[PDB]
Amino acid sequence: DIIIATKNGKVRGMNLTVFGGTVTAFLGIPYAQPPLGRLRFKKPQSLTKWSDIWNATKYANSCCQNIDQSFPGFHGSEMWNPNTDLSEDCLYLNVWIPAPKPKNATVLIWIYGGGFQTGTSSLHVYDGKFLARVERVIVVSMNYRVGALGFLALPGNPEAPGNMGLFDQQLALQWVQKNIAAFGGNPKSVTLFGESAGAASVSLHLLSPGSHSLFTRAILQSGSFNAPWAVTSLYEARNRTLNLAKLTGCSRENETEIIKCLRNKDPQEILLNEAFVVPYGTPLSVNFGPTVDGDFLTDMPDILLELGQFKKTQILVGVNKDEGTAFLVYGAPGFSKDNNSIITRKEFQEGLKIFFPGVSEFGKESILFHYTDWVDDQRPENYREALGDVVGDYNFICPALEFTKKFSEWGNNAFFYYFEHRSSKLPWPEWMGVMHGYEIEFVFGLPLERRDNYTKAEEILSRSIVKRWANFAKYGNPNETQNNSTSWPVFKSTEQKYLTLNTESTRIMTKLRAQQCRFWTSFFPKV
């Protein structure tokens, strides 16, 4: 029986067998008052004690969110859908502690991705237990609100200010600052790590003054705030709040009662009109994300990092290879999970309009041009791969590079990775390659588990990445220093060195897709 006193009560945990060792987990500790009734759309309110024992013995409820049934019964998509009851009562977190309880352990905090419209800390791929077992860390993860009940914005209005999600994340960070010592954690060795919208969340934490003192280092997987999908400007933010109002019969004259109307609408007629608040969409449409609110983010994030007003510290950021491929089975003509998807050029041109609906007609022809440059017109596959690369480079790769590029030019240590192994177990077709999101099971160390159908090479790939990620957390260098493995250079402007990740050899390279990125970074911003 293991039970530990927080600042607001005492909480009972569970003992887990992990690799012939044990790990303590406390699943579903509450950190913010349930954001219900009067309290939805507002910023999370801190707790009052219980006295009483909170049995942190089950994963709490996932926050309200839509669910992806494009493919019902297909593991490849349902593995990301929540595995808990949905409820606007969801501001809970989970900590995993090594056993015997450590004394001054580094803390790793996970923020899950989901285009800010979906997701939960409860997924099997986010199971922190292997990290605590193997590298004797404390893994923490929290649920933050999502979709419109996380990011609905009327700016300047505390009834619905925008960014209530990131604010949820940060009160979780606050809780770690005050409580983790109880658990044997060190509130001065705290490194965030997320993927996708989570990656974009942790990059936003770097710029938010409110979050400067609640962590030390940062890990960015497949996301950054400067990605085109990540921040919504105040004009669209309002154009989609006031929109959501029209399809829920809430359209009024006085902002301070649109909002009261919207909180008497039951949670779900909110969630299914969320998809329409925008005329044209893409598979990547973040209908309600971060905004510039003058609170969490005090103005346009691209400006403050270009001016360099951010936390100064080491960061670890990378991307996967075929990051664009996942999204083309959700719109693009000729694409299916159930064939090789050999598109013709005309289909490629209509693919581009879904992913760049407007955006001028020419803007598309120059995107087409820069990628159609066949090496050479032979190969039937090449339109197919071209449309994956455009979506991947535009939406993820080039931002990450251009993110870390300028984060280093202010003196900080940055390390960039490129993760090229496709899982032997990936349930998506081979043509999709090394998909967005399928770095994560390796980071969390699911293949270290030997009863699970990963290949032996993948267990050694995972053990390696787990150690680097580990060491970057404690000591700020992604070193694995003893089995003669590749040294990891610092990413600087000019040289721009990145380490690759796969089963075979781990190389050092420069210029991660420089030709492509500089189309997207230097010129497309004008069209």
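So that there is no doubt, residue numbering starts at 1 and follows the sequence shown.
Of the two stretches examined, 283 to 291 and 95 to 103, the record assigns the greater average C-alpha temperature factor to 95 to 103. Mean CA temperature factor is higher for 9 to 17 when stretches 9 to 17 and 510 to 518 are set side by side in the entry.
Taking the PDB entry at face value, the top CA B factor among 269, 306, 78, 389 belongs to 306.
Looking at 70, 65, 61, 481, the one whose CA carries the top B-factor in the deposited record is 481.
Ranked against the other modelled residues of its chain, the C-alpha B-factor of residue 438 as given in the entry falls in the lowest third. In the deposited entry, the Cα temperature factor of residue 156 places it in the lowest third of its chain's modelled residues. In the deposited entry, the Cα temperature factor of residue 141 sits in the bottom third of values across the chain's modelled residues. Ranked by C-alpha B-factor against the other modelled residues of its chain, residue 231 falls in the lowest third. In the deposited entry, the Cα temperature factor of residue 321 sits in the bottom third of values across the chain's modelled residues.
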